[PDB]
């Protein structure tokens, strides 16, 4: 008799990079690949993660601070959840948590489905369900976002949102500077009840066109690729602000496409977003879209649909929308020939069970 929490991985569909800016919108979809965290009562606290053969323990109602390096994201989530529960007068009791992941390739490389985010979301969902089940989903997102943002040091938290809500969403980044400044003088409970400036999470309906995901398995040194854009920003304000401005225009369209179920407006919008991204990388000396990615995208358009890299780029998953199942069928093999590894898609859903 235990508690199982399944958190779907995530994929950026549109709006990448621009979304790092406060108040900017991106489109994301959760995927049918999960992080499974099983929680059960125990004699002492215990945490097991896919990167360590042995678990770590820590005092009841106390702090978890192991010497590892891959414990950071999950430990921070535990620490924040603990501090919050105590502030709410909720007493913690020893539990054992075990985390499994389907976000890693047989080789050991991450597909790029937001592992750090899903793991964070799993812990928050597990602990809240166990000790504060009636807490709103929005507050759980906030706890998870705070956790992930302090550990990552950056990021829009759009990934946290996708994993937390599952399905398809339009995510608008909250005012991060606003939050960071307040972390030093405001309490968690304050953060839970105070509305976050610019934040918005909108559930969208799964598009009719068939969605396909191809893993270009090129381990992305995110620290570089993304940072190169970071430096680019504060260097070519014109070209960057141009990107942002354009991105907002295109995002307004893709959203309408979702709202009106306009398949052609969807294809056209994805193509436009794919271009401004190539442009961004171009006039920035960056390779967001690698060769394999370029082909994945080209083969998606030639097949009648549309495609583009999913995320920061320079490797990892790419996405495409096809007019028909058959067209998707052809494209899949079309990719498999190019070396791209297809990843059977099914909109991810958060699954919490007490079986």
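Numbering follows the first chain given and starts at 1.
Relative to its counterpart among 346-354 and 3-11, 346-354 has the higher mean temperature factor, C-alpha atoms as listed in the PDB entry.
On average the C-alpha atoms of 327-335 have higher B-factors than those of the other stretch, with 17-25 and 327-335 being the two compared. Per the deposited record, 239 carries the highest C-alpha B-factor of all listed residues (172, 72, 268, 239). Looking at 62, 311, 66, 305, the one whose CA carries the top B-factor in the deposited record is 305.
Among the modelled residues of its chain, residue 205 has a C-alpha B-factor that falls in the middle third, as given in the PDB entry. Ranked by Cα temperature factor within the chain, residue 105 sits in the highest third according to the deposited record. Annotation for residue 136: CA B-factor lies in the lowest third of the chain's modelled residues. In the deposited entry, the Cα temperature factor of residue 177 places it in the lowest third of its chain's modelled residues.
Per the deposited record, the Cα B-factor of residue 152 falls in the lowest third when ranked against the other modelled residues of its chain.
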